[PDB]
**Student:** 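Have a look at this one.
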Amino acid sequence: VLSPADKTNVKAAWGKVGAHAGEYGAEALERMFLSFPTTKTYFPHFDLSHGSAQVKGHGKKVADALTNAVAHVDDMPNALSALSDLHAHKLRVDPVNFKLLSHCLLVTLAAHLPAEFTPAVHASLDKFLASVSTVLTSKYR
Amino acid sequence: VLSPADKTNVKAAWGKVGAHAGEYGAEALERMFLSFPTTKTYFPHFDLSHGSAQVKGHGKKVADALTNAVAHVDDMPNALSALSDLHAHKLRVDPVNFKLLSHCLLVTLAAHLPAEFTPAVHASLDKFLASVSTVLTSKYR
Amino acid sequence: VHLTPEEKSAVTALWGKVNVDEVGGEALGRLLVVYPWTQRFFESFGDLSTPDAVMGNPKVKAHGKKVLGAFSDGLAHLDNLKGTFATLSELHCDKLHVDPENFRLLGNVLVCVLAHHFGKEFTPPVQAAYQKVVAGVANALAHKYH
Amino acid sequence: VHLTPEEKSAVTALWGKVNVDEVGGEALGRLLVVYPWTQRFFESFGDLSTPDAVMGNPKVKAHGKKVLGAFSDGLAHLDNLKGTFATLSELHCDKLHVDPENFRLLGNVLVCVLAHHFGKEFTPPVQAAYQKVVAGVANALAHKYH
Ligand code: HEM
Ligand code: HEM
Ligand code: HEM
Ligand code: HEM
């Protein structure tokens, strides 16, 4: 469960991210494709080169979903419901991959939040992305 | 989430286990120690030899916990509250190992329930053990 | 992956009793039932609407025969799994875009099917040997993924 | 796992800037904060009750120095990680009873610590190189587990 401190930490971190959310989402995907090449199997229709507009556009959408999740941190299953449907029944991304993207989002946040990425905030963000991942896979079966 | 059909399937399959619950628990543990030897790092205080009283005793405790969960499948968090506490605060078994024991329980059930282990029941049992595992790790952080 | 001589003997002996077409259809069917997201590769295969429809689907059964046939052949080369499955690894990465986690899920389902099929003959030591094998095959099929 | 010559250069270049003592304490401290069940191996280490207590704990810092020191030594040895860590692998299995999953967790935390400390310099290709490295070290340390 996300604690009140977790929720405070997540809002603070994501708030500092602010308008860079989309750029950081794209960076996290890029990190994912390089660090965990098997994740590329879900994007054969993308140019996955550095600076790809397709990766940039998808990163914007991922980031916006996370912003929406933060804004509904007490009511995340409904906020993410359409994305839970989409991943469960259309995209059908193996659940194992959400941990990979979550790690890469954490790494991206670390690389951009020198002041904010304390051990406590680190822990909260890890819990939050695991929670988002759990919601996103909740309708798989 | 566990559907009504999942609950029906689990109750029927585990009902058949009946008096063999402890035996099957011990067998699952032995299968786990042999197939996934890293799990032995949590039992250096046990005689892990085949047929040991320690492994038989622990198998029975694991099995009875599952019977408790099956009997209270509508509210497993409350049913397993003491056990969730125990694993989170004291045993601190890494969450990855719950999938290992769950696979070995599933294999043990498949080997003893030829009539009952249909594809649908297979799926329901896998979901149920994953749900139990989620409850037992829910308080880890 | 490294099997002992007795483990290799155990694998070979049990597999001699396997109807590969039958176990292949059963394992692939159960994969699609137990882990339904794996259905994403098989939109062309027709009716997958229920467990019975999946298990009874002749295209599901056909691909099951094909996959487990290749698995079976690979058991002749337990000393070279990486090399034996290298060209299939390339194909699955380059053209089929199959997440290697699918290979691990199928290995797990296969172990369940063998346990269901063989009952008590699928002893804890025989299972441990087969776990090494399905891990090794999955690792071999994943090796070329770049 | 095997690193590209260019991945090796990226690893070596970044590590020349790493204060192994400090990064080591930071990484072990964060492991105990982010994945607090890992504190199970450090019962005698004193106060671990809050994040500030964990990070400031002298025994945590000292052990972090020790652990990352051995990590560092291994980076001279990237084509032979299994041989390099064989002795410590046996120790962790036989005497310390440490689930090798802990090595993967520490690997993840170390990558986060490097990103946090180095910022933009920790580029996606440099991270990718370090992921291969921490995976290889974790695998090498898990290798002797029977
Ligand atoms: C925090 C985790 C994730 C979030 C918030 C997220 C969110 C999203 C969003 C918002 C979309 C666009 C939906 C639309 O346009 O209707 C999307 C699509 C997609 N996602 Fe996820 N996703 C996550 C994890 C993943 C992972 C781990 C993978 C695979 C490695 C993945 C693969 C895809 C693919 C292939 C698409 C379609 C892309 C396209 O063809 O345009 N997602 N996701
Ligand atoms: C997945 C379902 C699991 C269930 C239902 C379960 C249940 C239990 C129960 C009922 C006990 C005894 C509690 C008591 O004596 O008050 C116990 C203890 C224990 N469990 Fe879990 N457990 C599970 C998973 C695991 C796993 C995966 C591991 C490690 C691989 C593990 C490691 C232990 C250990 C080391 C003990 C203490 C054994 C002893 O000293 O007697 N458990 N568990
Ligand atoms: C032991 C594991 C596996 C083995 C040995 C294996 C082997 C094979 C072989 C021999 C082929 C035919 C290649 C050709 O015609 O050139 C094939 C094709 C294919 N495989 Fe795999 N496979 C395995 C697992 C999987 C899994 C788990 C999936 C997806 C869930 C999968 C998806 C596919 C698909 C979509 C094709 C193309 C089928 C077609 O074109 O009709 N494979 N595989
Ligand atoms: C991943 C890279 C790691 C390396 C290279 C490493 C290396 C070492 C070394 C050199 C020692 C000293 C052994 C001696 O003096 O005989 C040690 C001890 C120890 N390590 Fe590891 N270690 C690693 C990860 C871990 C992790 C992640 C954990 C647990 C979370 C762990 C648990 C321990 C424990 C409990 C000791 C004994 C500490 C004591 O004296 O109380 N190690 N390790």
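Letters A, B, ... are given to chains in the order of the sequence lines, protein chains preceding strands, and every chain is numbered from 1.
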**Student:** Need one label for C:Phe118: side chain, backbone, both or neither, based on atoms under 4.5 Å from any heavy atom in chain B.
**Tutor:**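 Neither the backbone nor the side chain of C:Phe118 comes within 4.5 Å of chain B.
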**Student:** C:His116 side chain to B:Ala111 main-chain N or O, any donor-acceptor pair under 3.5 Å?
**Tutor:**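 No; zero donor-acceptor contacts below 3.5 Å.
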**Student:** Got more than 12 heavy atoms from elsewhere within 6.0 Å of NE2, B:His45?
**Tutor:**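 Counting other residues, nucleotides and ligands, NE2 of B:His45 exceeds 12 neighbours.
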**Student:** Need one label for C:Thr50: side chain, backbone, both or neither, based on atoms under 4.5 Å from any heavy atom in chain B.
**Tutor:**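 Contact with chain B is absent: no heavy atom of C:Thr50 under 4.5 Å.
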**Student:** Rounded to the nearest 0.5 Å, how far does NE2 of B:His103 lie from CD of C:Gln127?
**Tutor:**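 Going from CD on C:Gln127 over to NE2 on B:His103, the span is 5.5 Å.
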**Student:** Is any residue of residues 1-30 of chain B within less than 4.5 Å of chain C by heavy atoms, and which ones?
**Tutor:**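 Within residues 1-30 of chain B, the residues that come under 4.5 Å of chain C (heavy atoms only) are B:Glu30.
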**Student:** Quick check on B:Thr118 against chain C: is it the side chain, the backbone, both or neither that has a heavy atom closer than 4.5 Å?
**Tutor:**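 Backbone of B:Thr118 only, per the 4.5 Å heavy-atom cut-off to chain C.
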**Student:** Less than 4.5 Å to any heavy atom of chain B: does that hold for the side chain of C:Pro36, its backbone, both, or neither?
**Tutor:**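 Contact with chain B is absent: no heavy atom of C:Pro36 under 4.5 Å.
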**Student:** Please flag which part of B:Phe36 lies under 4.5 Å from any non-hydrogen atom of chain C: side chain, backbone, both or neither.
**Tutor:**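 Side chain of B:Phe36 only, per the 4.5 Å heavy-atom cut-off to chain C.
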**Student:** Select, from B:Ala110, B:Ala120, B:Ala123, B:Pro114, the one with the greatest count of heavy-atom pairs under 4.5 Å involving chain C.
**Tutor:**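 Going by pairs under 4.5 Å, I would pick B:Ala110.
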**Student:** Does atom NE2 of C:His143 have more than 12 heavy-atom neighbours from other groups under 6.0 Å away?
**Tutor:**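 Atom NE2 in C:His143 is not packed in, count stays at 12 or less.
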**Student:** Could you look at B:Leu113 and say if it's the side chain, the backbone, both or neither that has a heavy atom under 4.5 Å from chain C?
**Tutor:**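 Backbone only.
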